[PDB]
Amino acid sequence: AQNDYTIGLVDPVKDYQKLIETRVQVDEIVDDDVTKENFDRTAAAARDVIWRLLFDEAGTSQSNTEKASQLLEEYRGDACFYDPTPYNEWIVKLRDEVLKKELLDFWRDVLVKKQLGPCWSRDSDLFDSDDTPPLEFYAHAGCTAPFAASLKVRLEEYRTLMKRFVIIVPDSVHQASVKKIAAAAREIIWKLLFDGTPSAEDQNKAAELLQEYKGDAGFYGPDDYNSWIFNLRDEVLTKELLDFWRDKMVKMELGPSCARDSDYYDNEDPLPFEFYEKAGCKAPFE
């Protein structure tokens, strides 16, 4: 039933756990007032049964004391999170009954050894180090708190230049420092290729730089590159540097920057097929 919190003496811990699981640990949004009462009613049923298991004189202590110990431990673990006060007050009366009836093994082996007295900062987020530890609870029948002792104690020319000069720096300044190395890359390439008829060595050195200058341009803004690369191609073709055109500019895809090489572009952007479509060549892509 809805308003019944039955904990049988057959499997007390299991009956107790089912009530918590269904009435308290609900992963649906519930009024905290409801949840608090649900736990208070489960707690009260648990306390009743523990008291009976220990003192009723039915059954055998062998069996019933073990049942009480297990239920007490499970119940206390929940009380530390949901409601330590009722547990803290009741556990004092339980001890007092335990001692009066001279159940000293249960006092020593269970309540003391398993530290099942009042909840405190060792076991509950409802407490902290400035609260008074429940040391005194345990100081009965020759026992002390197990925690008592603890408390007493408590190309590469271009690269290197880019590595040196390229911190909160205004865009236009950093733009210019990038341009200075960009212009300096463009001007030596034009020398290497057009001071006369370029050697195989100097065609390699021009292609070397142009690939890395393109890569950097694709990040810093390839708009200058995209204009100028057309001028370079036209001069390559006027000077008849066919070897340079085919094996370097075409083969290594040194045309305009695009979505293949740069985050300035995406899918919908038109690829630069037309740039490569000279001297019989085609774009190295698709």
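Residue indices: 1-based, along the sequence shown.
Per the record, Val166 and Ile167 are separated by a gap of 1 to 3 residues from the deposited sequence that were not modelled.
The entry models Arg154 and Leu155 with a gap of 10 or more deposited residues left without coordinates. The mean Cα B-factor in the deposited entry runs higher for 172-180 than for the other of 172-180 and 134-142. For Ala207, the recorded CA temperature factor ranks within the highest third of the chain's modelled residues. Per the PDB record, residue ranking by Cα B-factor puts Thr22 in the middle third of the chain. Placement of the Cα temperature factor of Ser199 within the chain: highest third of the modelled residues, per the deposited record. Residue-level temperature factors show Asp128 in the lowest third of its chain, judged at the C-alpha atom. The deposited CA B-factor of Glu187 belongs to the highest third of values across its chain.
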